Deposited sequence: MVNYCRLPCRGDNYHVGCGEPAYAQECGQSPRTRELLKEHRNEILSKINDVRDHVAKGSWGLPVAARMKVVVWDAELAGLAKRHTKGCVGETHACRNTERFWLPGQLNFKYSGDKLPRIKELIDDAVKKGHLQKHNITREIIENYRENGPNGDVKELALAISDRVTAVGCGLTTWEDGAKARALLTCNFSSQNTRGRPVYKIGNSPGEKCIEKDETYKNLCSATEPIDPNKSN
């Protein structure tokens, strides 16, 4: 679609509208970084690993009734990439698409003396999410409220069906910096369950996956535009 002609409630500009440019806030040495097949696979791998693990009723969290295996979405990734060119985590841009009406978004920031390889930037984001296992609770799962839990909680939403990420790195303030942004097909909704509870893992899947045995397969007809 032409994002300039896809409106959104609130009437904010769409992140995809117009020609790409680096924000002045990126300083004068920004570079958008291509996430290659190996990177995309790793992101998916870790997201699906944690979903499968939580789905079994791990970490004291409830068993998940219908948690689907997540796929990579090129459109979401393209919008995430465009977002990173602003070098700012939170903005008020719209980022809706025709298939995904209210995409979720995570932003991972890095600042350090040296710039890590792309794989280390991804590992750092994963670690951050993983460490949130000490913050998330059965209560949060039953009734979403946003230490931090946003990143891990979005990864295990059973409304989420797809993810796509992008990355820009730059130099400012005597530091190497990065912004890794991941857009998801859905968002958690304040006051609603992160995922639906089951007595057994995938007890409500039309079909369970053979690889991530506690999740629904990739063809599970989950509507990402509905909440719990």
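- Stretches of the deposited sequence left without coordinates are 1, 148-151, in sequence order.
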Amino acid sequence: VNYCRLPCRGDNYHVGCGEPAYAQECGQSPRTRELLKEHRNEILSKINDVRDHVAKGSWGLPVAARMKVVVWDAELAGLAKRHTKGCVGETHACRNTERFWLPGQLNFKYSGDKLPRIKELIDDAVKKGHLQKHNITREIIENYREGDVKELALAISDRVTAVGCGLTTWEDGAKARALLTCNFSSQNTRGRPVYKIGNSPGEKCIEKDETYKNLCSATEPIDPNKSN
From here on, numbers count along this sequence of modelled residues.
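- Comparing 82-90 with 95-103, the higher mean C-alpha B-factor in the PDB entry belongs to 82-90.
- When the two stretches 204-212 and 13-21 are set side by side, the higher mean Cα temperature factor goes to 204-212.
- Residue-level inspection of the entry shows that, of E146, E151, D73, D158, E146 has the top Cα B-factor.
- Reading the B-factor column for the CA atoms of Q28, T32, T181, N188 in the entry, the top value corresponds to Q28.
- Placement of the Cα temperature factor of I141 within the chain: highest third of the modelled residues, per the deposited record.
- Residue-level temperature factors show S227 in the middle third of its chain, judged at the C-alpha atom.
- The PDB entry assigns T168 a C-alpha temperature factor belonging to the lowest third of its chain's modelled residues.
- Among the modelled residues of the chain, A162 sits in the lowest third by CA temperature factor in this PDB entry.
- Among all modelled residues in its chain, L131 ranks in the highest third by Cα B-factor.
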